[PDB]
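Trainee:
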Amino acid sequence: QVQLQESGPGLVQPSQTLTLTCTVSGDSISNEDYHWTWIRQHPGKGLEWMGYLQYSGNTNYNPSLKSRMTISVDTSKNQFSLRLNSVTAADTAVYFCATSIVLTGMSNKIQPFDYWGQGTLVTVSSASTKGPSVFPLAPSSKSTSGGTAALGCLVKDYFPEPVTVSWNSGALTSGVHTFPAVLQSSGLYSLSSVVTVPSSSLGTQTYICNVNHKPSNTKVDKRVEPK
Amino acid sequence: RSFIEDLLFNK
Amino acid sequence: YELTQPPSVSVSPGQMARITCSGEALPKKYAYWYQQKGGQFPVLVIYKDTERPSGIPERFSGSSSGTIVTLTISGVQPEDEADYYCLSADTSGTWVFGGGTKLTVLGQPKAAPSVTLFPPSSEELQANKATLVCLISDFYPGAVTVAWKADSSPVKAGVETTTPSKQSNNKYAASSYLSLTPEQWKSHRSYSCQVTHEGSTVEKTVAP
């Protein structure tokens, strides 16, 4: 059992080289049992296997990508990496790192992918990054319904996707309402995040939305205080 | 000897 | 080498779902069936044409008829609503995903939208901007109509509305934003967002 984490999401310009890493925890990247794998999925489309690499140098690449891609290993950091040349809008996708394990002497293998990351969104665009403006959606008597009140954060005018929002550094999970982002006519995204909390907690409990926009290397912790 | 494609796919 | 699946299978709860996958090398290459929900990494539900992994519900089964393999879900549940992908390989050793099949479980229990309308924040007005945020959650099915009014008059200028999408609770959510100048916000008596879902309308109103 290994844990795999892709590098952060963000922008790459058309005709440039996409580069991603996957950091492996729990075992050594140099072990030959592991077939270090990359998989991608363009938003709204299907899954595409890109290939795998073993530390010996053995490779198996998707034939349509084999002259554009390289998988490599960095032993010092216990990482493997993806390099994709001359990218276009066709290469916009969520990229997942994964691995497949063959043990010496096994005769029955069930899982094509034994362990996997949860993917990272690479946007191929010539547009420029923009960090979000974050505004509080304050709880009032107009956002309170009976025992429970709604409050939130407005994450305004950012590019590209994705943005993640937590509340009180992840400690508050109950009542967190997730919403898709809107794509505005200007090319920028906005999203909202709302948590419903007990109305009686508003005077004493501090509420903070933790906004992460990794493509711009921006994080915002916004205090949301009652009106 | 079986490689990963033998183990997974070859019938 | 291409593994061909039907683009969509629309089925009401309780009916039997069958998803095929055809490829000329399947008589010699095992197939694997994957379930994907919410753009996450897919989960194996059937391996080697017919076998069921541990922890997978017994209602999932798989069969093989040479060039065509079939994933079958008896007693289809709302949770089984997902995208399904077959995985196999060509004779050269390239691993190949099928095109994917969207399993839609139509006819789930209806749910009325919860609507909350937020006015522009003081921080945003002090920054010389104004956005009204109409949030819509926990509704089913996913078709919804959103309209805005300034006082009692309809307004469409400055309105952006998301396409609704299912959230973690298997219910749909949506947002509509109305951008104004601070003086346009302060000059009107009120603004409203009207949310129509399955013929009935919910309207929330705010005032400066």
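Protein sequences, first through last, are from chains A, B and C. If you want our numbering, it's the position in the first sequence, counting the first as 1, plus 1. If you want our numbering, it's the position in the second sequence, counting the first as 1, plus 72. The letter at position 71 of the third sequence is residue 62 when you use our numbering, and the numbering goes up by one with no holes. Every residue gets a Cβ at the ideal spot worked out from N, C-alpha and C, and that includes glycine.
Exposed or buried, what is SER159(C) when buried is set at 16 or more other beta-carbons lying within 10 Å of its beta-carbon?
Mentor: Exposed, by the Cβ-count rule.
Trainee: Can the beta-carbon of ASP158(A) be found closer than 8 angstroms to that of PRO181(A)?
Mentor: No, Cβ-Cβ distance for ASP158(A) and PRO181(A) is not below 8 angstroms.
Trainee: Assuming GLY84(C) and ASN61(A) are in contact, meaning their beta carbons sit under 8 angstroms apart, how far apart are those beta carbons, in whole angstroms?
Mentor: Correct: roughly 6 angstroms between the Cβ atoms.
Trainee: Which chain B residues sit within Cβ distance under 7 angstroms of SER79(C)?
Mentor: Residues of chain B passing the Cβ test: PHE81.
Trainee: Say whether chain B places a C-beta atom closer than 8 angstroms to the C-beta of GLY84(C).
Mentor: Output row for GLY84(C): interface = yes.
Trainee: Could you have a look at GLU151(C) and say whether DSSP puts it in helix, strand or coil?
Mentor: Note: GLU151(C) maps to strand in three-state DSSP.
Trainee: Mark residue 284(A) as exposed unless 16 or more other C-beta atoms lie within 10 angstroms of its C-beta, in which case mark it buried.
Mentor: The requested residue 284(A) does not occur in the structure, where chain A is confined to residues 2 to 228.
Trainee: Going by the CB atoms, is the gap between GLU115(C) and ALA121(C) shorter than 8 angstroms?
Mentor: In contact: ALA121(C) and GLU115(C) (Cβ atoms closer than 8 angstroms).
Trainee: Which residues of the region 3 to 28 of chain C have a Cβ closer than 7 angstroms to any Cβ of chain B? Give them in chain order.
Mentor: Those residues of the region 3 to 28 of chain C that come within reach of chain B (Cβ to Cβ, closer than 7 angstroms) are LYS19, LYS20, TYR21.
Trainee: Assign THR207(A) to one of two classes, buried (16 or more other C-beta atoms within 10 Å of its C-beta) or exposed (fewer than that).
Mentor: With fewer than 16 Cβ atoms within 10 Å of its Cβ, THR207(A) is classed as exposed.
Trainee: How is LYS195(C) classed by DSSP in three states: helix, strand or coil?
Mentor: The answer is strand: DSSP assigns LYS195(C) an E or B state.
Trainee: Given a threshold of 16 other Cβ atoms within 10 Å of its Cβ, counted over all protein chains shown, does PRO155(C) qualify as buried or as exposed?
Mentor: Buried, since its Cβ has 16 or more Cβ neighbours within 10 Å.
Trainee: How many Å lie between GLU189(C) and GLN99(C) at the Cα?
Mentor: So the two alpha carbons sit approximately 14 angstroms from each other.
Trainee: Is it buried or exposed for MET7(C), if we count other Cβ within 10 angstroms and need 16 for buried?
Mentor: By the 10 Å Cβ count, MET7(C) comes out exposed.
Trainee: Would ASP74(C) pass as a contact of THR92(C) if the rule is Cβ separation under 8 angstroms?
Mentor: Contact: yes.
Trainee: Might you give, ordered along the chain, the residues of its own chain that have their beta carbon closer than 6 angstroms to the beta carbon of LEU171(C), omitting 5 neighbours on each side?
Mentor: Once the five neighbours on either side are set aside, the close Cβ partners of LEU171(C) are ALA121.
Trainee: For chain A, is any of its Cβ atoms less than 8 angstroms away from the one on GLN185(C)?
Mentor: Output row for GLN185(C): interface = no.
Trainee: Quick check on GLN175(C): does DSSP put it in helix, strand or coil?
Mentor: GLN175(C): helix per DSSP, three-state reduction.
Trainee: Between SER191(C) and chain E, is there a C-beta pair that is closer than 8 angstroms?
Mentor: The displayed structure is made up of protein chains A, B and C, and chain E is not among them.
Trainee: Which value, in whole angstroms, describes the spacing of the CA atoms of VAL135(C) and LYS83(B)?
Mentor: Answer to the nearest angstrom: the Cα atoms are 49 angstroms apart.
Trainee: Since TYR56(A) and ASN32(A) are thought to touch, with beta carbons under 8 angstroms apart, how far apart are those beta carbons, to the nearest angstrom?
Mentor: Indeed, because the Cβ distance is near 7 angstroms, the residues count as touching under 8 angstroms.
Trainee: Please state whether DSSP places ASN119(C) in a helix, a strand or coil.
Mentor: Reduced to three states, the DSSP call for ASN119(C) is coil.
Trainee: Which residues in the same chain have their Cβ closer than 7 angstroms to the Cβ of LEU184(A), if we skip the five residues on either side of it in sequence?
Mentor: Cβ neighbours of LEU184(A) beyond the five flanking positions: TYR190.
Trainee: Rounding to the nearest angstrom, what Cα-Cα distance links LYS157(C) and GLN68(C) in this structure?
Mentor: Straight-line Cα distance between these residues: approximately 16 angstroms.
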